[PDB]
Amino acid sequence: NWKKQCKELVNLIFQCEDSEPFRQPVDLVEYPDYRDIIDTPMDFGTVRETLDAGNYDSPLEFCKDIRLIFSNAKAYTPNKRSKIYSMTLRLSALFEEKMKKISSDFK
């Protein structure tokens, strides 16, 4: 059951300290130029909601949206000295480790 596996992984991510800036959509009052840089916003709350609505056709679609969270974060704050950049690298690494098993069990 890939859907329950992906749900467990999203719940795991919400418990990770590094996910805090990615739990909700980026706020456009706080970051007014965000959408001049980012075409397709994404966050873990949205991913959770999409999964619960049954609106991912496969784990690859789920993964693509999670990868988008990280690519967006790195695009908007590209300075590798920044806290957010390091939090993105660490959380990305954990996610990819976990997603590997889900993707195998599927294929």
Side-chain angles (χ1 to χ4, degrees), residues 1-3 5-7 9-59 61-63 65-82 84-99 102-106:
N1 201 305
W2 70 265
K3 301 173 189 195
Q5 286 177 312
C6 289
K7 188 53 177 289
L9 180 47
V10 166
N11 289 332
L12 169 57
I13 286 168
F14 266 88
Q15 293 170 85
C16 289
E17 215 160 356
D18 286 340
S19 74
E20 190 275 337
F22 308 118
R23 296 173 183 164
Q24 50 284 304
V26 171
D27 186 277
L28 309 179
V29 173
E30 300 165 26
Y31 300 102
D33 64 335
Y34 189 69
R35 297 294 304 271
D36 298 322
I37 295 158
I38 299 300
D39 297 321
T40 307
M42 192 49 58
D43 68 280
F44 293 107
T46 299
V47 169
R48 190 223 293 282
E49 291 170 2
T50 301
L51 193 65
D52 287 340
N55 280 333
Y56 287 122
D57 303 318
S58 76
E61 274 176 22
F62 166 86
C63 173
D65 266 356
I66 296 188
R67 283 169 176 176
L68 193 57
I69 296 170
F70 303 135
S71 63
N72 285 351
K74 295 190 208 168
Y76 185 67
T77 304
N79 194 311
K80 301 187 188 218
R81 286 181 192 282
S82 67
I84 189 69
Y85 201 94
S86 66
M87 293 167 71
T88 306
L89 292 179
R90 196 173 76 159
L91 190 55
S92 183
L94 180 58
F95 164 70
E96 291 289 342
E97 190 206 75
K98 296 307 190 281
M99 192 70 214
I102 301 185
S103 286
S104 307
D105 294 355
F106 197 66

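Side chains included, hydrogens not; waters and symmetry mates left out as well; all remaining heavy atoms used. Counting begins at 1 with the first residue of the sequence.
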Given the rule that I, L, V, M, F, W and Y join up when any side-chain heavy atoms are under 4.5 Å apart, are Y76 and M87 in one cluster?
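Different hydrophobic clusters.
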
Sequence-distant partners of [X], side-chain hydrogen bond (donor to acceptor under 3.5 Å, both in side chains), two or more places apart:
X: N72; result: none
X: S92; result: none
X: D39; result: none
X: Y34; result: none

Atom of [X], atom of [Y] and distance for their closest heavy-atom approach:
X: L28; Y: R35; answer: CD2-CG, 4.0 Å
X: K3; Y: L51; answer: O-CD2, 4.0 Å
X: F106; Y: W2; answer: CE1-CD1, 3.6 Å
X: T77; Y: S82; answer: CG2-OG, 3.5 Å
X: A75; Y: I37; answer: O-CG2, 3.9 Å

Working note: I38 + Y31, criterion side chain to side chain contact (heavy atoms under 4.5 Å, CB included); need CA distance, chi angles, decisive distance, verdict.
CA-CA 11 Å; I38 299 300; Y31 300 102; over 6 Å; no

Side-chain touch [X]/[Y], heavy atoms, less than 4.5 angstrom:
X: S58; Y: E61; value: yes
X: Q5; Y: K98; value: no
X: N79; Y: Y85; value: no
X: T50; Y: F62; value: no

Distance in Å, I69 CD1 paired with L91 CG, rounded so as to fall on 0.5 Å steps:
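These two atoms lie 8.5 Å from each other.
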
From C6 SG over to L12 CG, what is the distance, rounded to the nearest 0.5 angstrom?
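Output value for this atom pair is 12.5 Å.
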
Residues at least two apart in sequence or cross-chain that pass salt bridge (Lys or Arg N to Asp or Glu O under 4.0 Å) with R90, listed by chain then number, are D18

Side chain to side chain contact (heavy atoms under 4.5 Å, CB included) between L89 and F70, worked out
CA-CA 8 Å; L89 292 179; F70 303 135; over 6 Å; no

List the atom pairs, donor and acceptor, that lie under 3.5 Å between side-chain atoms in residues 20-27 and the rest of the protein, sequence neighbours left out.
unit_1	atom_1	unit_2	atom_2	d
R23	NE	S19	OG	2.9
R23	NH2	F14	O	3.2
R23	NH2	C16	O	3.0
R23	NH2	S19	OG	3.1
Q24	NE2	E20	O	2.8
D27	OD1	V29	N	2.8
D27	OD1	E30	N	3.2

Hey, does the side chain of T46 reach the backbone of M42 with a donor-acceptor pair shorter than 3.5 angstrom?
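Not a single qualifying donor-acceptor pair exists.
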
Determine whether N11 and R48 satisfy the following criterion, side chain to side chain contact (heavy atoms under 4.5 Å, CB included), listing intermediate values before the conclusion.
CA-CA 8 Å; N11 289 332; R48 190 223 293 282; 3.1 Å; yes

Side chain to side chain contact (heavy atoms under 4.5 Å, CB included), that's the test. Do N55 and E49 meet it? Break it down for me.
CA-CA 9 Å; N55 280 333; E49 291 170 2; over 6 Å; no

